[PDB]
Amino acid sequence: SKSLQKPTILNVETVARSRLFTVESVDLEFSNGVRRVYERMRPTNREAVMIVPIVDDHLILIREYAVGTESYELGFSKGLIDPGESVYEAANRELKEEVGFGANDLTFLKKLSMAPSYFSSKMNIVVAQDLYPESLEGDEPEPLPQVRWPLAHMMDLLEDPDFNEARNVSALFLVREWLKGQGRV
């Protein structure tokens, strides 16, 4: 039983590079002397933002095609934070490009890591309230159908496999704890 000593990095090499993906090979030497080679996604400081808009006791969810699984996913609007932007700025911009609304009340609820064994990306969860119409051109290939989901039946979302993705589910439970906080359940 001793302190958690990080393995030491002996070498890093780019093993594969696609247009959007760049995978590195990492040579490690753990504290017990074992040596091993890991493969990961080249670390980035680029963070993500996820917006959870609430309007008349309803959740504004969107339908978006996902090529990974080749199907339509039902969930919260997600986007990248631009260099220089704050979580609030980015959340308001992305809401505007995908949903067509801006929010006067944006609260930053949590920052989640995403599969740290291979990634180093961060996900910021923002709740959007007091909405107003305003559009920005996003780069979407097709329109994103919106779905209004009652807050009183939020939990029913867990019965829809199109929604059951770790980010959405984490956000749904985090938003509900927050709503519990001020009894808007």
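Residue indices: 1-based, along the sequence shown.
- Once the C-alpha B-factors are averaged per stretch, 51-59 and 112-120 rank with 112-120 first.
- Looking at mean Cα B-factors across 36-44 and 125-133, the upper value is held by 36-44.
- For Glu70, the recorded CA temperature factor ranks within the middle third of the chain's modelled residues.
- Ranked by C-alpha B-factor against the other modelled residues of its chain, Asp27 falls in the middle third.
- In this PDB entry, the Cα temperature factor of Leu20 sits in the top third of its chain's modelled residues, the highest group.
- The deposited CA B-factor of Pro150 belongs to the lowest third of values across its chain.
- Ranked by C-alpha B-factor against the other modelled residues of its chain, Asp160 falls in the lowest third.
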